[PDB]
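K.L.:
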Amino acid sequence: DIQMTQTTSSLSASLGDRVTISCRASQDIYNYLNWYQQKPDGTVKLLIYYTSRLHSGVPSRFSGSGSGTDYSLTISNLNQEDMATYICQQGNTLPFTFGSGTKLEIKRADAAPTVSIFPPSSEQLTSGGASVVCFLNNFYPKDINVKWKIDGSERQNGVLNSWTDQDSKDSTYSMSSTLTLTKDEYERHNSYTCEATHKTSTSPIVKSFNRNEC
Amino acid sequence: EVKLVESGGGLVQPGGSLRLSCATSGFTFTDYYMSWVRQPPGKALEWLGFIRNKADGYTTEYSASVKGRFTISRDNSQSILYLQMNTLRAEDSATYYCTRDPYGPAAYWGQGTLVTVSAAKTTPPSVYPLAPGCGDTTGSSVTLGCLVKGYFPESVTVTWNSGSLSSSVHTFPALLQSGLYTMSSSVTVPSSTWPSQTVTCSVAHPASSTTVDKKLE
Numbered sequence: 001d002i003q004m005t006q007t008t009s010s011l012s013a014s015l016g017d018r019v020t021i022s023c024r025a026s027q028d029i030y031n032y033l034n035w036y037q038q039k040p041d042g043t044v045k046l047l048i049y050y051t052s053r054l055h056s057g058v059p060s061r062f063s064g065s066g067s068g069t070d071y072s073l074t075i076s077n078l079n080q081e082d083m084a085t086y087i088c089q090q091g092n093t094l095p096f097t098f099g100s101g102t103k104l105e106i107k108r109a110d111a112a113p114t115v116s117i118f119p120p121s122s123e124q125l126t127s128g129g130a131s132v133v134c135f136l137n138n139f140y141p142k143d144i145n146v147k148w149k150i151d152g153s154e155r156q157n158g159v160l161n162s163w164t165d166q167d168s169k170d171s172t173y174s175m176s177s178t179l180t181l182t183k184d185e186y187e188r189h190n191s192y193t194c195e196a197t198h199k200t201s202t203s204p205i206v207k208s209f210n211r212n213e214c
Numbered sequence: 215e216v217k218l219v220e221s222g223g224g225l226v227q228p229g230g231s232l233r234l235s236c237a238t239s240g241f242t243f244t245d246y247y248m249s250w251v252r253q254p255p256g257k258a259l260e261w262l263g264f265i266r267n268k269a270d271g272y273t274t275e276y277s278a279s280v281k282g283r284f285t286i287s288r289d290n291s292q293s294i295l296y297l298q299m300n301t302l303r304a305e306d307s308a309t310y311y312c313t314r315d316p317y318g319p320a321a322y323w324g325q326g327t328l329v330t331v332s333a334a335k336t337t338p339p340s341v342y343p344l345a346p347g348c349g350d351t352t353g354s355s356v357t358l359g360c361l362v363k364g365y366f367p368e369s370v371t372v373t374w375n376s377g378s379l380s381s382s383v384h385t386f387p388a389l390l391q392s393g394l395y396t397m398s399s400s401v402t403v404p405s406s407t408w409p410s411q412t413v414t415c416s417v418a419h420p421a422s423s424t425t426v427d428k429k430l431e
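Those protein sequence lines, which keep their order, are chains W and R. The opening residue of the first sequence carries number 1 in this note's numbering; numbering runs sequentially from there. The opening residue of the second sequence carries number 215 in this note's numbering; numbering runs sequentially from there.
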């Protein structure tokens, strides 16, 4: 079946710009090309059908065009609410096949993370394990690298790290980093550091608590 | 509103089956092509099959992959669409979408239901409150958080307190680690409270539990 290919999966534009996102079909599609918007949650709206037609509700800042195998969606003047991943699907031969998608990140001024670091709860600890948690909040760009040092040595085994998707209201990201250990490995050390390295600084920005402290 | 709400999702074990249903309102359901799509984790969207409208009889199309194994039916009195899935494999885990009009102008997608086809069993979360070390850190605005460790299958919701003076709640997506799920949420609040008034996170994992944990200290 026809493979839809979206070269570019990530794109960043500042809002004021004109975005173009490509879709190539593997077979001639005779203009039965639809473009969708997928928001970080569920939702999926059809923006253009039949290479060019705007579905009601869609802003005139979106244009579709192209022929044979190659098609484009253009966002003439990028608006903050346009962050989404944009999809094309061919409706010319069954089965219907969708492109991989292109996520559109809003380019923003760099923001430095505000770190927060938490000790284990009495509840987890009395229940056998300890997780030291480090929230590194509201930054830009996405790329950042946290390392956990216990008592001065980086720890490898036991780190979970997840980011939020771009903020809808202000375009930053937040990340959570959790180090898990036994109540016992934990009772044996004192300093727990969370060291984040980010575009906005020259030196790692560090938060720590000593457990001896408290 | 022109509602289409999907509903049979949850955990099924492999080789099992599930009835997915799609409820609609505010348009003539007989008039529209009704379609099922899914998005596996990671992957692109995958069309599974549609059923035509009264014009056309209510004839069905299916993709090579699901033909004979999935079956789309329709009830035009109640104005429910169904997707009976059989002999479900782990690769059938996905968010499944109900859709009105596939071929363009009246498009309307619901929000998906999640199926996990897996041989693991339901596990309710252990929920930990996260508060900072006494003595050692605050300034103006307090960040509290909650770790909901070790539950299965997905989706958990963490509720806090709703009063927009701060309350910059964050949700960090769940990650699998050693075959269970783990997520966290933060709230950040103005320091004029916490200490002073209560903040609680409530964690609702619909394969049956609600826990409500208080940020004390």
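All C-beta atoms in this analysis are idealised placements derived from N, C-alpha and C, irrespective of residue type, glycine included.
Alpha carbon to alpha carbon, how far is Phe243/R from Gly318/R?
P.N.:
The sequence position of residue 243/R within the second sequence is 29, counting from 1. The sequence position of residue 318/R within the second sequence is 104, counting from 1. Cα to Cα, the separation comes out at about 16 Å.
K.L.:
Answer with buried or exposed for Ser56/W, where buried requires no fewer than 16 other C-beta atoms within 10 angstroms of its C-beta.
P.N.:
Here residue 56/W corresponds to residue number 56 of the first sequence, with the count starting at 1. With fewer than 16 Cβ atoms within 10 Å of its Cβ, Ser56/W is classed as exposed.
K.L.:
Could you name the residues of the region 373-386 of chain R whose beta carbon sits closer than 9 Å to any beta carbon of chain W, in the order they occur along the chain?
P.N.:
Going along the region 373-386 of chain R in chain order, one finds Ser382, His384, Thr385, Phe386 with a Cβ nearer than 9 Å to chain W.
K.L.:
Using a cut-off of 7 Å between C-beta atoms, extract the partners of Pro119/W located in chain R.
P.N.:
In the first sequence, residue 119/W corresponds to position 119, counting from 1. Simply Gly347.
K.L.:
Return the chain-ordered list of same chain residues with a C-beta closer than 7 Å to the C-beta of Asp151/W, the five sequence neighbours on each side being excluded.
P.N.:
As a working mapping, residue 151/W is identified with position 151 in the first sequence. Excluding positions up to five away in sequence, the list reads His189, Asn190, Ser191.
K.L.:
Leaving out the 5 sequence neighbours to the left and right, which residues in its chain are closer than 6 Å to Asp165/W when beta-carbon positions are compared?
P.N.:
Position 165 of the first sequence, counting from 1, holds the residue named residue 165/W. Cβ neighbours of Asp165/W beyond the five flanking positions: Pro40.
K.L.:
Please list the partners that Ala321/R has in chain W, where partner means a Cβ-to-Cβ separation under 7 Å.
P.N.:
Sequence index remark: in the second sequence, residue 321/R carries index 107 (1-based). Neighbours of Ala321/R on chain W, chain order: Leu46, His55.
K.L.:
Pull up the DSSP beta-bridge partners for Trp323/R, would you.
P.N.:
Translated into the one-based positions of the second sequence, residue 323/R becomes position 109. According to DSSP, which records beta bridges pairwise, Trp323/R is partnered with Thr313/R.
K.L.:
Considering only the beta carbon of each residue, do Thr407/R and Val417/R sit closer than 7 Å?
P.N.:
If you number the second sequence from 1, residue 407/R lands on position 193. If you number the second sequence from 1, residue 417/R lands on position 203. The answer is no: Cβ separation not under 7 Å.
K.L.:
Is it right to say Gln89/W is buried, meaning 16 or more other beta carbons lie within 10 angstroms of its own, or is it exposed?
P.N.:
For this step, residue 89/W is matched to residue 89 along the first sequence. Result: buried.
K.L.:
Would you kindly report the start and end of the unbroken alpha helix (DSSP H) that includes residue 232/W?
P.N.:
The requested residue 232/W is not part of the displayed model; chain W covers only 1 to 214.
K.L.:
Identify, in the order they occur along the chain, each residue of the same chain with its Cβ nearer than 7 Å to the Cβ of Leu46/W, setting aside the five sequence neighbours on each side.
P.N.:
Numbered from 1 along the first sequence, position 46 holds the residue referred to as residue 46/W. Closer than 7 Å at the Cβ level, and outside the excluded window around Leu46/W, lie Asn34, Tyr36, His55.
K.L.:
Is the region 330-347 of chain R touching the region 364-371 of chain R, taking contact as three or more C-beta pairs under 8 Å?
P.N.:
Output reads yes: the region 364-371 of chain R touches the region 330-347 of chain R.
K.L.:
Give a yes or no on whether the C-beta atoms belonging to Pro338/R and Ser399/R are separated by under 7 Å.
P.N.:
Start at 1 with the first residue of the second sequence, and residue 338/R comes out as number 124. Start at 1 with the first residue of the second sequence, and residue 399/R comes out as number 185. No; because the gap between Cβ atoms is not below 7 Å, this pair is not in contact.
K.L.:
Over what stretch of residues does the alpha helix (DSSP H) that includes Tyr186/W continue unbroken?
P.N.:
The residue given as residue 186/W occupies position 186 in the first sequence. Run containing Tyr186/W: 183-187, per the alpha helix (DSSP H) assignment.
K.L.:
Just checking, does the region 303-318 of chain R make contact with the region 246-258 of chain R on the three C-beta pairs under 8 Å criterion?
P.N.:
Yes: at least three Cβ pairs fall under 8 Å.
K.L.:
What does the alpha-carbon distance come out to for the pair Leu361/R and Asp184/W?
P.N.:
Indexing the second sequence from 1 puts residue 361/R at position 147. Indexing the first sequence from 1 puts residue 184/W at position 184. Distance between the alpha carbons of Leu361/R and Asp184/W is about 20 Å.
K.L.:
If I measure Cβ to Cβ from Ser162/W and keep anything under 8 Å in the same chain, skipping five residues before and after, which residues do I get?
P.N.:
Translated into positions along the first sequence, residue 162/W becomes position 162. These residues qualify, in order along the chain: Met175, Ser176.
K.L.:
Since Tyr342/R meets chain W, which of its residues come closer than 8 Å, beta carbon to beta carbon?
P.N.:
As a position in the second sequence, residue 342/R is number 128, starting the count at 1. The answer, in chain order, is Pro120, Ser121, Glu123, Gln124, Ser131.
K.L.:
Could you work out which residues of chain W lie near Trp261/R, taking near to mean beta carbons separated by less than 7 Å?
P.N.:
Stepping through the second sequence from its first residue, residue 261/R is reached at position 47. Correct list: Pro95, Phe96.
K.L.:
Using 8 Å as the cut-off, can you tell me whether the region 282-289 of chain R makes contact with the region 262-270 of chain R, which would need three or more C-beta pairs spanning the two stretches below that distance?
P.N.:
Touching, yes.
K.L.:
With 9 Å as the limit, tell me which residues of the region 265-298 of chain R have their beta carbon closer than that to any beta carbon of chain W; keep them in chain order.
P.N.:
Under the 9 Å Cβ criterion, the region 265-298 of chain R contributes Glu275, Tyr276, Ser277, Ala278, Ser279.
K.L.:
Closer than 8 Å by C-beta to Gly99/W: which residues in its own chain qualify, once you throw out the five before and the five after it? Chain order, please.
P.N.:
One-based indexing of the first sequence puts residue 99/W at position 99. Correct list, in chain order: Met4, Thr5, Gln6, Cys23, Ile87, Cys88, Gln89.
K.L.:
Closer than 8 Å between beta carbons: that is the criterion. Which residues of the region 174-206 of chain W meet it against chain R?
P.N.:
Going along the region 174-206 of chain W in chain order, one finds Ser174, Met175, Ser176, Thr178 with a Cβ nearer than 8 Å to chain R.
K.L.:
State the beta-bridge partners of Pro343/R as determined by DSSP.
P.N.:
By 1-based counting over the second sequence, the position of residue 343/R is 129. Bridge partners of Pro343/R: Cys360/R.
K.L.:
Rounded to the nearest angstrom, how far is the Cβ of residue 161/R from that of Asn375/R, given a contact under 8 Å?
P.N.:
Outside the displayed range of chain R (215 to 431) lies residue 161/R, so it cannot be described from this structure.
K.L.:
Taking only three categories from DSSP, how would you classify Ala84/W?
P.N.:
The residue given as residue 84/W occupies position 84 in the first sequence. In this structure, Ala84/W counts as coil in the three-state DSSP scheme.
K.L.:
Chain R partners of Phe135/W, CB-CB under 7 Å?
P.N.:
Numbered from 1 along the first sequence, position 135 holds the residue referred to as residue 135/W. Correct list: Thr357, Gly359, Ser400.
K.L.:
Taking the continuous beta strand (DSSP E) assigned at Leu47/W, which residues delimit it?
P.N.:
Walking along the first sequence from the start, residue 47/W turns up at place 47. Taken as a continuous stretch (DSSP letters only), the beta strand (DSSP E) holding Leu47/W covers 44-49.
K.L.:
Does the beta-carbon distance from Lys103/W to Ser12/W come in below 7 Å?
P.N.:
Taking the first residue of the first sequence as position 1, residue 103/W is located at position 103. Taking the first residue of the first sequence as position 1, residue 12/W is located at position 12. The answer is no: Cβ separation not under 7 Å.
K.L.:
Extract the residue ranges of the beta strand (DSSP E) inside the region 241-321 of chain R, only unbroken runs of 3 or more that lie entirely within it.
P.N.:
If we require 3 residues or more, the beta strand (DSSP E) runs fully inside the region 241-321 of chain R come out as 248-253, 260-265, 274-276, 284-289, 294-299, 308-314.
K.L.:
Going along chain R in order, which residues have a C-beta closer than 7 Å to the C-beta of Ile87/W?
P.N.:
To locate residue 87/W, count along the first sequence from 1; it is residue 87. Under the 7 Å cutoff, chain R gives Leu259.
K.L.:
What are the residues of the region 15-39 of chain W that lie near chain C, defined by any Cβ-Cβ distance shorter than 9 Å?
P.N.:
The structure shown contains no chain C; its protein chains are W and R.
K.L.:
Helix, strand or coil: how does DSSP classify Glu215/R here?
P.N.:
As a first step, residue 215/R is located in the second sequence; it is residue number 1 there, counting from the start. Three-state DSSP puts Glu215/R in coil, outside helix and strand.
K.L.:
Measuring alpha carbon to alpha carbon, tell me which residue in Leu181/W, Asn210/W, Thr180/W, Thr182/W is nearest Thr193/W.
P.N.:
As a position in the first sequence, residue 193/W is number 193, starting the count at 1. Comparing Cα-Cα distances from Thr193/W to each of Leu181/W, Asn210/W, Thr180/W, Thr182/W, the minimum goes to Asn210/W.
K.L.:
Roughly how many angstroms lie between the CA atoms of residue 158/R and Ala109/W, to the nearest whole one?
P.N.:
Absent from the model: residue 158/R. The displayed extent of chain R is 215 to 431, so no value can be given.
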